[PDB]
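Undergrad: I'd like to ask you about the structure that follows.
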Amino acid sequence: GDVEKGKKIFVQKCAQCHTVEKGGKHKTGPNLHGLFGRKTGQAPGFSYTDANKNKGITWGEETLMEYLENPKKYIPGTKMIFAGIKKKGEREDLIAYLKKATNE
Amino acid sequence: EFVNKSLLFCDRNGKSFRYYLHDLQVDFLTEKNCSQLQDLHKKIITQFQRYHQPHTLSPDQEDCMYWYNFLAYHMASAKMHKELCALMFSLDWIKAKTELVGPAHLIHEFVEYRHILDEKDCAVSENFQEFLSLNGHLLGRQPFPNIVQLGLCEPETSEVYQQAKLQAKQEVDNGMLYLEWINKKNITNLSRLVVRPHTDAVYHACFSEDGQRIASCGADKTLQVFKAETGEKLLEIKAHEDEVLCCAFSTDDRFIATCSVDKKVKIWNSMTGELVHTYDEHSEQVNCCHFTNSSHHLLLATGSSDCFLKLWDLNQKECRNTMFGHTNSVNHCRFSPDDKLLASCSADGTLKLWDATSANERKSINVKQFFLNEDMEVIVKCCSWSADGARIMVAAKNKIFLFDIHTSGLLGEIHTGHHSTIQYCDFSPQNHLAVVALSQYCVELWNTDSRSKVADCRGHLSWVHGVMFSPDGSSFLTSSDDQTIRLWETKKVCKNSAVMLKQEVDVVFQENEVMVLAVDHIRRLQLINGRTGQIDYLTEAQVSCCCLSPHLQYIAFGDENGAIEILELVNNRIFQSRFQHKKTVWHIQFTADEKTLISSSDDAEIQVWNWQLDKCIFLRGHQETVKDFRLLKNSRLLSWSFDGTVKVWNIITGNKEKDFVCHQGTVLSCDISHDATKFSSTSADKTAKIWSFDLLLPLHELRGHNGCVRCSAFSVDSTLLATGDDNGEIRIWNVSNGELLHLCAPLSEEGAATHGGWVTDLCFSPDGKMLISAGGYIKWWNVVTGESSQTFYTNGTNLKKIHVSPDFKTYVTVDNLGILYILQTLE
Ligand code: HEC
């Protein structure tokens with residue numbers, strides 16, 4: 001989706017718990033840098049729940065389409081607490097900006 | 001004619017007219033005719049029996065609702081407990097009512113009418129009183145369970161269990177297949193109340209100042225006002241078009257304003273439900289809504305991302321105060337015990353105390369107390385005022401802090417368990433007790449100036465969103481993501497049996513009989529003998545994982561200290577361990593014999609090591625990482641990884657017979673037909689592919705569900721495929737030529753489900769016709785147009801490594817709560 005609205009949804013609902021930038025530190029939420037192509041919960045330095053590590057999917061626009069929709073649904077038992085992004089446009093946008101920054 | 005004389009009023013809607021009185025007239029008749037009440041009530045009851053039947057009612061009739069609601073009453077005023085006990089104690093009556101009505105009303109009726117009931121009756125009535133209160137979340141909301149089976153989970157002393165067991169025993173040679181619980185007598189502690197009036201999660205819940213009514217807010221975008229005692233539905237008011245962030249009661253409780261995502265604060269009346277005043281100023285969301293605890297004046301503390309602290313005045317149409325500072329968002333803004341002050345608490349590390357009347361700056365505190373050992377940053381979750389009205393109780397990072405406003409520094413410090421970060425904190429004015437939400441749905445009760453463990457709260461469906469105290473000093477309320485508000489007792493929860501089990505339970509096999517081996521929370525393990533209360537507690541260093549050996553006599557467990565520790569059941573003083581593969585060890589398995597340890601970790605190498613020998617043999621797969629393995633009916637070792645590479649190894653020598661890659665990404669375990677080693681499959685989390693070992697690639701591919709695949713099952717003598725999915729759906733597919741034929745939909749068209757969507761291992765029936773599956777609960781399927789049973793249920797959500805007896809009768813399982821579950825099949 002839109003990149004900069006993605007950076008908005010990032011600075012709002014993401015950036016406080018996450019780092020998508022290159023060489024970002026781990027936090028309450030994990031470092032998201034290099035998200036696409038990397039399996040769920042594979043980033044060192046952050047302690048994942050087994051729910052996320054056993055998910056083992058490959059993060060992408062569609063995987064985040066389903067996940068960000070209801071993050072408790074897609075990866076049940078995740079210590080991520082969120083009520084889900086119901087809007088699709090928000091998902092596509094945010095994911096797009098992720099595709100920008102995490103690649104950078 | 002009575003309408004004409006104006007003694008009675010008539011409302012016209014639908015075909016049937018609706019008659020009712022006016023109050024004064026009612027009280028009048030109450031006074032005029034007194035002695036004749038009994039006559040009347042017994043009259044209408046007698047009539048009712050003479051026409052209809054108690055358990056026979058048509059919901060399609062026009063009189064049903066009234067009967068269901070007030071029949072109990074009409075019996076009560078008749079002072080006849082015999083027909084009363086006859087009606088109420090009946091289970092089917094309960095079933096029908098609950099299905100149509102829901103528990104709350106009925107509960108209320110018990111609580112009220114308990115008086116006329118006899119002394120012995122009080123016990124039974126009580127048993128129900130807790131029964132329904134505990135079952136509140138499950139009942140009345142369909143898909144719907146059996147009454148009997150739920151009654152089987154009750155303590156034997158409870159009349160409910162005795163009646164349920166009675167009827168259970170009565171139905172025989174019935175596809176009902178009832179179950180019995182020996183274990184629940186010592187576990188599943190009682191609760192004061194359990195109430196869910198919600199289709200969605202709870203953001204906040206709290207008791208009124210008078211302790212009467214409850215107004216709850218959540219993702220349902222609807223403020224729910226209901227009774228706090230029996231949980232009857234009072235009023236349902238729409239707060240906003242968007243999710244309500246926070247809500248709280250006022251001084252007189254008569255006014256409740258809501259804040260939401262739409263950035264508009266709307267004042268709602270509790271006894272009306274109509275708009276009173278509305279205030280739109282903030283260009284950002286408002287996370288702070290707090291009212292006054294006194295009748296002196298009325299103010300509202302608000303803050304947002306605009307870095308402004310705005311204090312609203314409920315008397316005027318505008319905002320009273322505006323304050324600079326707080327460069328970051330303010331999480332918790334709360335009034336002091338006096339309205340003359342205002343407390344601002346944010347996670348940026350700035351804790352400020354402002355003058356309300358003077359509007360100037362009183363005190364500003366930055367906490368460097370927490371040591372990071374890259375500027376110092378200390379986040380602040382919540383702020384709770386002490387009963388003294390001076391000290392401030394807060395929780396930061398991994399510890400609890402008690403601040404003094406006089407010294408402005410650190411007055412006191414309370415330790416929190418391990419390294420876990422504190423999610424939430426609250427303090428009780430009585431007994432100086434304080435509850436803390438820490439990690440994994442754990443609400444821990446600690447005492448001030450103690451630093452000793454007081455109480456622990458378990459039995460939740462999910463990690464507690466938040467908890468509060470009922471300021472009667474008696475009890476407290478709990479609210480979680482399980483969408484249910486609960487009432488818990490302080491002194492009752494304080495007692496703990498320490499039955500906690502973390503990630504695992506271990507089954508033991510003695511001939512046909514099954515024995516229980518549990519991994520203890522505190523130190524090492526607890527041994528539970530079958531069909532008896534014999535418990536042998538074994539204490540050692542902490543363990544990461546435990547595994548039982550074939551032929552027994554031994555045990556092999558991995559620790560958090562690394563590698564693998566092997567210990568002998570005969571002598572605990574004798575143990576063997578070797579240091580290899582620094583990464584966390586996951587799966588540990590012996591060969592067909594008691595020798596040749598096979599172990600793996602996260603790495604490109606799998607270790608095969610011989611003990612009493614000390615033979616070191618390393619098997620390299622030359623990949624990014626390796627997940628796990630399993631032993632087949634042969635000496636071959638079937639292993640899988642995150643790279644989707646399925647390998648077949650051998651003992652004592654590294655060998656690769658074939659390489660099977662179904663898809664890209666993590667592949668979950670392996671699925672065999674169990675009829676032979678020929679047919680073999682696995683879950684690639686995309687499609688379902690099976691190979692006969694006739695090629696290096698899977699021969700047959702099944703695309704039936706491409707969204708998610710959690711697991712798959714091949715039933716013996718059938719080979720028909722049962723597909724478990726991430727959604728927790730179990731689909732039945734006929735397999736002959738390796739293609740899709742039949743079709744079934746496990747999901748319900750009744751709409752979204754609350755708890756469920758998890759499956760791990762599937763089990764088979766001894767007949768082969770019946771099927772055993774987990775849809776988040778215990779659910780039995782069947783081949784050829786329809787299933788076996790939806791019976792009973794599984795408390796909680798997450799399940800780990802389902803195991804069963806080889807006779808397929810007695811069962812052993814555990815929930816996410818870590819509670820031992822034992823099933824016994826007896827006719
Ligand atoms: C209040 C908590 C919270 C919020 C809000 C939150 N996260 Fe999460 N998130 C977490 C935690 C904790 C994890 C780690 C899950 C685990 O370790 O099991 C996580 C996991 C993730 C992952 C998976 C990383 C991986 O490698 O699998 C992604 C992606 C992510 N978050 C992005 C987001 C996005 C996008 C949003 C909002 C639009 C968001 N987070 C909001 C707490 C949060």
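Ordered as shown in the structure tokens, chains take letters A, B, and onward, while each chain numbers its residues from 1 and ligands are numbered from 1 in the order shown.
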For ligand 1, return the neighbouring residues as number ranges by chain (distance at most 7 Å; only C-alpha atoms and all ligand atoms).
TA: A: 9-10, 13-14, 17-18, 28-30, 32, 35, 38-43, 47-52, 68, 78-82, 85, 94
Undergrad: How about saving the chosen residues, N, CA and C atoms kept, as a short mmCIF file (atom, residue, chain, number, x, y, z; two decimals), in the first residue's frame?
TA:
data_model
loop_
_atom_site.label_atom_id
_atom_site.label_comp_id
_atom_site.auth_asym_id
_atom_site.auth_seq_id
_atom_site.Cartn_x
_atom_site.Cartn_y
_atom_site.Cartn_z
N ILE A 9 1.31 4.66 10.43
CA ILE A 9 0.80 3.54 11.21
C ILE A 9 1.98 2.89 11.93
N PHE A 10 3.16 3.05 11.35
CA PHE A 10 4.39 2.61 11.99
C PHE A 10 4.72 3.45 13.22
N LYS A 13 1.39 2.76 15.80
CA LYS A 13 1.09 1.46 16.37
C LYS A 13 2.27 0.49 16.36
N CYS A 14 3.41 0.93 15.83
CA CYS A 14 4.55 0.03 15.66
C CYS A 14 5.82 0.54 16.35
N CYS A 17 7.07 -0.13 19.92
CA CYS A 17 7.49 -1.47 20.30
C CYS A 17 8.52 -2.12 19.37
N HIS A 18 8.87 -1.47 18.26
CA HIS A 18 9.65 -2.15 17.23
C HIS A 18 10.76 -1.32 16.59
N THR A 28 10.38 -4.52 23.51
CA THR A 28 9.18 -5.27 23.88
C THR A 28 8.70 -6.09 22.68
N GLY A 29 8.58 -5.43 21.54
CA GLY A 29 8.43 -6.14 20.28
C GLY A 29 9.81 -6.31 19.66
N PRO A 30 9.97 -7.33 18.81
CA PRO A 30 11.28 -7.68 18.25
C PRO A 30 11.76 -6.73 17.16
N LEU A 32 12.41 -5.80 13.67
CA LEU A 32 11.70 -6.28 12.49
C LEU A 32 12.54 -6.16 11.22
N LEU A 35 12.53 -8.46 7.85
CA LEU A 35 11.36 -9.26 8.19
C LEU A 35 10.98 -10.21 7.06
N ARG A 38 12.57 -13.76 6.36
CA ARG A 38 12.96 -14.36 7.63
C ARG A 38 11.75 -14.98 8.32
N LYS A 39 11.93 -16.18 8.84
CA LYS A 39 10.85 -16.90 9.50
C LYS A 39 10.47 -16.24 10.82
N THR A 40 9.28 -16.56 11.31
CA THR A 40 8.76 -15.99 12.55
C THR A 40 9.67 -16.24 13.74
N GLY A 41 10.02 -15.17 14.44
CA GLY A 41 10.78 -15.28 15.68
C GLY A 41 12.18 -15.84 15.55
N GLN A 42 12.84 -15.52 14.44
CA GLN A 42 14.20 -16.02 14.21
C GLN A 42 15.30 -15.02 14.57
N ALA A 43 14.91 -13.84 15.03
CA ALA A 43 15.88 -12.79 15.32
C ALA A 43 16.49 -12.93 16.71
N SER A 47 13.75 -12.56 23.09
CA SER A 47 13.24 -13.87 23.47
C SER A 47 11.79 -14.04 23.04
N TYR A 48 11.59 -14.88 22.02
CA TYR A 48 10.27 -15.15 21.49
C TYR A 48 9.53 -16.22 22.28
N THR A 49 8.20 -16.17 22.23
CA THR A 49 7.39 -17.27 22.72
C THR A 49 7.47 -18.41 21.73
N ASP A 50 7.26 -19.64 22.20
CA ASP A 50 7.29 -20.80 21.32
C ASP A 50 6.16 -20.74 20.30
N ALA A 51 5.11 -19.99 20.63
CA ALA A 51 3.99 -19.80 19.72
C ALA A 51 4.45 -19.15 18.41
N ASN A 52 5.33 -18.17 18.53
CA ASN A 52 5.85 -17.47 17.36
C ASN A 52 6.94 -18.27 16.66
N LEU A 68 -1.78 -9.14 10.67
CA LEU A 68 -2.11 -7.83 11.20
C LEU A 68 -3.62 -7.67 11.31
N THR A 78 0.93 -15.74 20.89
CA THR A 78 1.96 -14.72 20.81
C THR A 78 1.82 -13.76 21.98
N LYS A 79 2.94 -13.26 22.48
CA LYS A 79 2.91 -12.33 23.60
C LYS A 79 2.67 -10.91 23.08
N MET A 80 2.56 -10.79 21.77
CA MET A 80 2.06 -9.57 21.15
C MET A 80 0.62 -9.33 21.58
N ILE A 81 0.34 -8.15 22.11
CA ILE A 81 -1.02 -7.81 22.48
C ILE A 81 -1.57 -6.74 21.54
N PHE A 82 -2.48 -7.15 20.67
CA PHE A 82 -3.11 -6.20 19.76
C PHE A 82 -4.48 -6.75 19.36
N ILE A 85 -5.78 -5.30 13.16
CA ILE A 85 -6.04 -4.22 12.21
C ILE A 85 -7.14 -4.70 11.28
N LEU A 94 1.10 -0.09 5.80
CA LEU A 94 2.10 -0.37 6.82
C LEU A 94 3.12 -1.39 6.33
#
Undergrad: Leaving out residue 65 of chain A and any residue of its chain fewer than 2 positions from it, which residues lie within 8 Å of it when counting only C-alpha atoms, given as a PyMOL selection string?
TA: chain A and resi 61-63+67-69+88+91-92
Undergrad: Could the residues in this selection be written to a file with C-alpha atoms, as a PDB file, in the first residue's frame?
TA:
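Output (part31.pdb):
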ATOM      1  CA  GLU A  61       2.427  -8.744   2.430  1.00  0.00           C
ATOM      2  CA  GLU A  62      -0.142 -11.552   2.570  1.00  0.00           C
ATOM      3  CA  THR A  63       1.171 -13.166   5.755  1.00  0.00           C
ATOM      4  CA  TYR A  67      -1.624 -11.565  10.739  1.00  0.00           C
ATOM      5  CA  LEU A  68      -2.109  -7.828  11.203  1.00  0.00           C
ATOM      6  CA  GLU A  69      -5.785  -8.549  10.621  1.00  0.00           C
ATOM      7  CA  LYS A  88      -7.070  -3.665   4.789  1.00  0.00           C
ATOM      8  CA  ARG A  91      -2.323  -3.288   6.456  1.00  0.00           C
ATOM      9  CA  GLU A  92      -1.141  -2.835   2.856  1.00  0.00           C
TER      10      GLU A  92
END
Undergrad: I need the residues of chain A that end up classed as alpha helix (DSSP H) by DSSP on the backbone, written out as a PyMOL selection string.
TA: chain A and resi 3-13+50-53+61-67+71-74+88-101
Undergrad: Which chain B residues are at most 8 Å from chain A (counting only C-alpha atoms), as a list in words?
TA: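 Residues passing the distance filter: residues 219, 440, 642, 665, 666, 685, 726, 727, 757, 758 and 798 of chain B.
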Undergrad: List every residue of segment 233-451 of chain B that DSSP, applied to the backbone of this structure, places in strand (DSSP E or B), and write the result as a PyMOL selection string.
TA: chain B and resi 233-238+244-247+255-260+265-269+275-279+299-303+309-313+319-323+332-335+341-345+350-355+361-366+380-385+392-396+399-403+410-414+424-427+433-437+443-447
Undergrad: Atom CA of residue 200 of chain B and atom CA of residue 220 of chain B are how many Å apart?
TA: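 Between these atoms lies a distance of 5.0 Å.
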Undergrad: Excluding segment 450-463 of chain B and residues on its chain fewer than 6 positions from it, collect all residues at most 6 Å away from it, counting only C-alpha atoms, and give them as a list in words.
TA: residues 440, 441, 443, 444, 480, 481, 482, 494 and 796 of chain B
Undergrad: Between atom CA of residue 250 of chain B and atom CA of residue 105 of chain B, what is the distance, to one decimal in Å?
TA: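 It comes out at 27.6 Å.
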Undergrad: Mind checking which residues fall within 9 Å of residue 147 of chain B, counting only C-alpha atoms, ignoring those fewer than 3 positions away in the same chain, and posting them as a PyMOL selection string?
TA: chain B and resi 91-92+94-95+150-152+164
Undergrad: Can I get the selected residues back with N, CA and C atoms, as an mmCIF file, in the first residue's frame?
TA:
data_model
loop_
_atom_site.group_PDB
_atom_site.id
_atom_site.type_symbol
_atom_site.label_atom_id
_atom_site.label_comp_id
_atom_site.auth_asym_id
_atom_site.auth_seq_id
_atom_site.Cartn_x
_atom_site.Cartn_y
_atom_site.Cartn_z
ATOM 1 N N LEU B 91 -32.452 -30.718 36.111
ATOM 2 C CA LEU B 91 -31.378 -30.266 35.237
ATOM 3 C C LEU B 91 -31.877 -29.748 33.896
ATOM 4 N N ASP B 92 -32.851 -30.435 33.311
ATOM 5 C CA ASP B 92 -33.354 -30.051 31.999
ATOM 6 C C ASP B 92 -33.982 -28.666 32.025
ATOM 7 N N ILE B 94 -33.034 -26.271 33.867
ATOM 8 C CA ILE B 94 -31.866 -25.415 33.821
ATOM 9 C C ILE B 94 -31.382 -25.282 32.390
ATOM 10 N N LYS B 95 -31.293 -26.409 31.696
ATOM 11 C CA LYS B 95 -30.825 -26.420 30.320
ATOM 12 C C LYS B 95 -31.641 -25.488 29.442
ATOM 13 N N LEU B 150 -20.900 -31.604 32.002
ATOM 14 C CA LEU B 150 -20.384 -30.481 32.762
ATOM 15 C C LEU B 150 -20.618 -30.747 34.236
ATOM 16 N N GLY B 151 -21.724 -31.421 34.533
ATOM 17 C CA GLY B 151 -22.043 -31.777 35.900
ATOM 18 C C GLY B 151 -21.080 -32.812 36.439
ATOM 19 N N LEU B 152 -20.451 -33.556 35.533
ATOM 20 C CA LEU B 152 -19.505 -34.597 35.921
ATOM 21 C C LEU B 152 -18.200 -34.004 36.443
ATOM 22 N N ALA B 164 -25.919 -35.369 37.860
ATOM 23 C CA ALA B 164 -25.311 -35.548 36.547
ATOM 24 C C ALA B 164 -24.780 -36.962 36.389
#
Undergrad: So that I can check the surroundings of residue 157 of chain B, please list as number ranges by chain every protein, DNA and RNA residue that reaches within 12 Å of it, counting only C-alpha atoms and ignoring chain neighbours fewer than 4 positions away.
TA: B: 123-124, 126-128, 151-153, 161-163, 165, 185
Undergrad: Please list as a ChimeraX atom specification every residue within 12 Å of residue 519 of chain B, counting only C-alpha atoms and excluding residues in the same chain fewer than 6 positions away.
TA: /B:498-507,525-528,536-548,557,814,818-820
Undergrad: If we count only C-alpha atoms and set the cut-off at 9 Å, which residues sit around residue 448 of chain B, ignoring sequence neighbours fewer than 4 positions away in its own chain? Please answer as a list in words.
TA: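 Once the nearby chain positions are removed, what remains is residues 414, 432, 433 and 434 of chain B.
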Undergrad: What would the file look like if the residues just selected were written as an mmCIF file, in the first residue's frame with C-alpha atoms?
TA:
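Contents of the output file again13.cif:
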data_model
loop_
_atom_site.group_PDB
_atom_site.id
_atom_site.type_symbol
_atom_site.label_atom_id
_atom_site.label_comp_id
_atom_site.auth_asym_id
_atom_site.auth_seq_id
_atom_site.Cartn_x
_atom_site.Cartn_y
_atom_site.Cartn_z
ATOM 1 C CA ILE B 414 9.624 -4.089 46.315
ATOM 2 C CA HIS B 432 -1.719 -2.963 52.240
ATOM 3 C CA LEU B 433 -1.847 -5.779 49.680
ATOM 4 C CA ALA B 434 -0.969 -5.164 46.027
#
Undergrad: Select, from B:104, B:80, B:160, B:261, the residue with the minimum atom-to-atom distance to residue 234 of chain B, counting only C-alpha atoms.
TA: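 So, comparing all the options, the nearest one is B:104.
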Undergrad: For residue 608 of chain B, which residue out of B:186, B:681, B:653, B:98 is the nearest one, using only C-alpha atoms?
TA: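 Checking each candidate against residue 608 of chain B, we get B:653 as the closest.
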Undergrad: How many Å lie between atom CA of residue 580 of chain B and atom CA of residue 556 of chain B, rounded to one decimal?
TA: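 Going from atom CA of residue 580 of chain B over to atom CA of residue 556 of chain B covers 15.6 Å.
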